[PDB]
DNA sequence: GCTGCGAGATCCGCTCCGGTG
DNA sequence: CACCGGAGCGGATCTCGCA
DNA sequence: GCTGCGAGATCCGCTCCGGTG
DNA sequence: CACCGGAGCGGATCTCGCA
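This is the structure in structure tokens:
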């Protein structure tokens with residue numbers, strides 16, 4: 060949630076700053092006069108007015124790696140990662156979004172006078188008009204995700220009781236030594252969710268490999 | 001410290017509250033407070064109970080709460096059914112009770128009164144009070160209210176004013192233990208019940224969401240829908256229907272619906 | 004958390020209630036920070061609880077109407093006449109079942125009454141008599157009277173007693189009236205009261221502080237005692253205090269300090 | 170504080186939609202998200218309801 | 002208790018101690034002491050009699066100071082735990098000479114931390130970098146407080162006395178200083194008649210880290226703990242390892258306090274090991 | 226080792242065998258009171274067993 | 226591989242051989258100063 | 001055939017009273 | 001009913017710095 | 001985030017050995 | 001045979017003066 064990728068693109072000699080959300084696919088775009096760091100900072104101010112982002116991804120563009128831009132965006136309070144496009148997970152979505160937005164601009168620039176109006180209409184079509192599954196638009200999905208990330212859920216999680224348990228790792232059917240104990244993140248059927256103490260990664264383990272620790276009596 | 005000692009003397013003369021109560025209210029030593037009390041020869060869930068009483072040829076309707084010990088009193092001309100209906104409508108409007116205890120008095124056994132409580136949605140119980148815990152508190156409040164009315168009648172012009180001040184003293188300033196007045200316990204109970212109401216209401220959601228797995232950094236196709244059972248930091252827990260075991264998927268790879 | 008809240012305030016300039024609700028700092032501390040900050044004071057004083065009194069006449073019945081500014085909680089009761097003693101009884105019942113912090117009222121005879129003001133000081137709550145000037149208060153109180161009149165006219169026929177009808181209208185306006193995320197005036201009144209009380213509990217219990225005079229040694233000659241300041245971190249043998257002149261953390265041997273109780277004048 | 174008047178008005182919009190709020194911290198943007206959330210669930214069946 | 006305002010007025014006028022006022026007007030002495038605390042003149046003129054302490058610390062935590070004997074600069078190095086000392090004369094207190102002496106010192110022994118006063122050689126940035134270069138913590142004591150280095154001051158006094166007693170027996174002042182080092186390192190023995198050098202050697206043998214590293218194979222058990230107030234305990238707060246098990250008590254660490262703590266075996270329940 | 230006594234670190238108090246060694250603190254047996262206490266490493270003076 | 230400064234990750238570096246493998250991290254040689262460096266697995270992109 | 005002592009401040013030992021199991 | 005601090009009372013104990 | 005201690009000298013408490021009634 | 005110092009052993013306690 061709130062993970063975004065930034066990639067510069069040119070359409071009809073007009074720079075379009077595209078913001079893509081990896082999970083819900085929600086898209087925002089706007090005509091950009093130039094790739095300058097100050098203009099990108101202004102666009103990020105407007106986009107932070109629009110939304111409530113938590114994470115951001117981009118390539119090694121000079122405007123993105125500018126020290127002033129980094130300072131301003133950490134003043135906003137967001138983590139930054141930059142590098143050569145390497146992850147197909149988000150790269151395929153980014154490429155599909157770029158192709159679809161170019162096609163929709165090509166479709167909608169004749170009917171609309173201003174290019175800004177045309178790109179706004181394309182954003183409308185991609186975010187609200189386009190639907191998937193039971194008819195859920197990317198903007199609907201993003202709104203629901205934003206609603207689901209509010210405090211009173213982790214408040215209930217804090218209210219809930221937690222238990223202790225052992226765990227072992229099986230390799231080729233050979234059980235390992237019992238490790239832990241660690242917190243049971245959430246109890247299930249046949250298996251539970253825990254975290255490895257060494258690699259600090261969420262792990263699921265079968266209940267047969269779980270030694271539930273009795274609570275105090 | 002010393003700036004509050006004569007002041008505390010003064011409101012003790014006004015109101016005759018408890019030594020430890022004024023101790024915690026004003027930061028004044030409890031030994032001094034108990035010397036003040038001894039020197040003062042004047043002094044020396061939403062469950063409710065009612066017992067009529069007589070004082071100076073004036074019937075006073077008294078509400079006694081079981082857990083917090085909160086009380087409410089008001090002068091009533093008589094024990095008539097319609098009069099008690101008026102005071103009990105005011106009572107229900109101005110508080111938020113859940114259950115009520117009452118004896119077999121005619122104003123309580125009255126069919127129209129019982130219909131009024133049922134219309135307002137409160138549970139009305141009529142019968143002889145048998146619980147020693149309830150009876151001891153009831154008699155303590157009765158004796159204390161009569162004593163405090165005897166204390167406060169000379170200063171106050173109005174008899175209703177005397178009852179109002181007595182209620183102030185008994186429910187606002189009179190505190191015990193950690194200095195939590197019965198009004199404070201009542202407020203705490205009300206806020207807690209609101210807390211449980213909202214917490215359970217957000218509890219019955221149990222929503223559903225999509226998910227996908229990661230292989231060597233390559234994307235996996237979206238899977239689901241599956242119930243949203245638990246959500247941690249950076250990832251949530253989802254059910255793999257194929258293998259009948261749970262998965263942990265990062266937030267960026269979970270489509271909530 | 005308090006210094007970071009002060010930084011957030013001097014950066015963004017939100018309200019004291021805000022700074023409280025995010026950073027968890029005491030409401031009194033947040034209000035003190037707001038007062039100290041010149042930006043919030045140059046352009047725009058009511059605490060958690062502030063009350064306004066405007067009498068109304070509905071169906072030729074005098075009703076004492078109480079309205080609160082911030083949360084908006086209200087209270088009403090029919091009064092036989094406009095006599096100062098009757099308003100004194102009604103106000104003392106109001107104080108019996110409420111815990112006000114400050115009060116504002118018009119130029120009514122009861123509000124101006126010398127005995128009423130003496131009783132108000134007897135209770136020990138701030139009071140102002142004059143024409144209300146705050147646009148927030150004016151709009152809220154006018155809306156409250158209009159809504160109360162509508163509710164009375166809407167609800168009186170179904171209830172036998174006029175006092176019962178007033179009681180039902182109070183129900184509808186206090187507990188049944190609800191908006192936003194499920195916020196009612198009485199809910200938020202209970203809520204702000206509970207933060208207030210937990211703040212006094214924390215301030216009274218958790219903090220154990222000492223103040224001290226200090227001095228500096230130059231060429232072996234003890235200096236003149238200055239301050240006093242607050243012992244920020246107490247330790248065996250030496251203490252850590254802030255010098256007001258330099259605003260710097262300093263370490264002084266215990267042989268050059270005198271221990272003082274914090275409250276001093278306060 | 171801000172370099173551009175556009176940035177100033179953007180910040181005012183941010184703080185009025187988020188930072189200024191009331192009650193339990195109910196800002197206008199939060200309650201707009203809330204009533205949109207209520208509207209969408211019934212709008213899903215509004216296709217049949219219409 | 003009603004005469005407290007008059008007692009405060011008398012205190013403001015005359016400013017006598019709380020004991021006399023308590024014995025005179027029959028007021029609890031706590032109230033009178035609080036009156037003295039909240040007053041001004043007595044607060045300004047009271048004296049801070051405190052005991053403080055010394056930084057004995059652990060093994061290999063030393064401090065040093067210079068010596069002014071016969072208009073000759075001498076460096077004396079003092080141990081705190083065992084009690085060993087060592088000394089050598091140097092022409093001056095320059096930073097480079099101090100660095101050379103410290104390097105010889107660290108060649109001879111294996112220290113861990115060093116304490117010193119505000120002397121320019123000790124405070125020099127190059128000396129601090131060199132101390133960091135050898136991975137040794139250097140802390141500077143508060144200025145104009147010789148009681149911090151009272152250990153080296155006491156050793157200074159003893160060494161000056163021994164020089165007075167031994168100087169005419171040798172040709173060289175350096176030889177006499179070495180003889181005094183022998184006197185105070187091998188001959189000066191008390192209690193069990195064991196030399197500070199022997200104490201230092203035994204400390205090094207115990208501090209040998211191979212045994213400490215290999216002791217990890219011992220069985221480790223977990224348990225809870227609670228705090229007792231007026232005989233009334235609290236909840237069983239937090240699972241922690243049994244660091245050691247003794248007769249009637251164990252050793253546990255509280256993550257809340259981040260320090261070691263002891264609980265009697267009565268308030269301890271043993272967690273069975275995996276089986 | 227030394228205890229708090231009247232105030233601050235006190236005078237050295239008797240010989241007693243160390244029970245176990247940790248990082249920054251050890252455990253000793255109090256002869257006077259017959260209770261186990263925790264003492265920081267700043268106030269301990271290790272001695273050979275005889 | 227990339228290094229983290231005050232919690233901020235740096236630009237990716239390489240390609241370089243994997244020197245010594247551990248638990249949750251890898252050891253790599255710095256091409257500039259010619260020294261081995263330890264990098265967490267989250268800051269390393271394995272080249273297949 | 002002469003000569004260190006006492007205000008001042010915390011801590012503690014303690015004893016009736018208290019909560020406390 | 002036994003038990004431990006709580007508060008009050010009383011005594012025990014520390015450095016310091018005066019000439 | 002920091003910090004008075006120990007050589008030296010008599011006296012005494014004491015425990016087996018002594019004189020001692 | 002009990003009793004008290006006698007002598008030896010061990011510990012308790014005092015000022016001082018170093019920087």
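Protein chains in written order, with PDB author numbering: chain H, 60 to 276; chain E, 1 to 44, 60 to 272; chain F, 4 to 47, 57 to 278; chain G, 170 to 219; chain A, 2 to 276; chain D, 226 to 275; chain C, 226 to 273.
We put the CB at the ideal spot given by N, CA and C, even for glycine.
How long is the line joining the alpha carbons of residue i and residue j, rounded to whole angstroms?
i                     : j                     : result
residue 88 (chain F)  : residue 186 (chain F) : 11 Å
residue 250 (chain A) : residue 210 (chain F) : 38 Å
residue 145 (chain A) : residue 232 (chain F) : 7 Å
residue 85 (chain H)  : residue 163 (chain H) : 15 Å
residue 167 (chain A) : residue 177 (chain A) : 7 Å
residue 268 (chain F) : residue 38 (chain A)  : 17 Å
residue 10 (chain E)  : residue 241 (chain H) : 60 Å
residue 132 (chain F) : residue 114 (chain F) : 10 Å
residue 112 (chain H) : residue 79 (chain H)  : 12 Å
residue 40 (chain E)  : residue 5 (chain E)   : 15 Å
Under 8 Å from any heavy atom of the ligand MG, does the C-beta of residue i make it?
i                     : result
residue 198 (chain H) : No copy of the ligand MG occurs in the structure displayed, which carries no ligand at all.
Helix, strand or coil for residue i per DSSP?
i                     : result
residue 233 (chain H) : strand
residue 80 (chain F)  : strand
residue 239 (chain F) : strand
residue 14 (chain F)  : helix
residue 268 (chain A) : helix
residue 256 (chain F) : coil
residue 276 (chain A) : coil
residue 206 (chain F) : helix
residue 73 (chain H)  : strand
residue 91 (chain H)  : strand
residue 178 (chain E) : helix
residue 278 (chain H) : Not covered by the structure: residue 278 (chain H). The range shown for chain H is 60 to 276.
residue 201 (chain A) : helix
residue 171 (chain G) : coil
Which residue or residues does DSSP assign as beta-bridge partners of residue i?
i                     : result
residue 191 (chain G) : G:195
residue 246 (chain D) : D:251
residue 183 (chain E) : According to DSSP, which records beta bridges pairwise, residue 183 (chain E) is partnered with nothing at all.
residue 226 (chain H) : H:238, H:269
residue 263 (chain D) : D:252
Completely contained alpha helix (DSSP H) runs for the segment 97-163 of chain F, where each covers 4 or more residues: Complete alpha helix (DSSP H) runs here, min 4: 121-124, 126-135.
Contact list for the segment 218-249 of chain A against chain D, Cβ threshold 8 Å: If the cut-off is 8 Å between Cβ atoms, the segment 218-249 of chain A has 244, 245, 247, 249 near chain D.
Cβ-based contacts, 7 Å cut-off: residues of the segment 47-60 of chain A near chain F: Those would be 47, 49, 51, 53, 54, in chain order.
Residues within the segment 17-46 of chain A neighbouring chain F, beta-carbon criterion of under 8 Å: So the list reads 35, 38, 39, 44, 45, given in the order they occur along the chain.
Contact set between the segment 147-180 of chain H and chain G, restricted to residues whose Cβ is under 9 Å from the partner: Answer set for the segment 147-180 of chain H: empty.
Complete runs of the beta strand (DSSP E) confined to the segment 29-71 of chain A [at least 3 residues]: Runs found: 62-70.
The segment 177-207 of chain H: positions lying closer than 8 Å to chain G by Cβ: Identification of residues in the segment 177-207 of chain H having a C-beta nearer than 8 Å to some C-beta of chain G yields 193, 194, 199, 202, 203, 205, 206, given in sequence order.
Residues from the segment 101-133 of chain F in contact with chain E, defined by Cβ distance under 8 Å: If the cut-off is 8 Å between Cβ atoms, the segment 101-133 of chain F has 101, 104, 105, 107, 108, 109, 111 near chain E.
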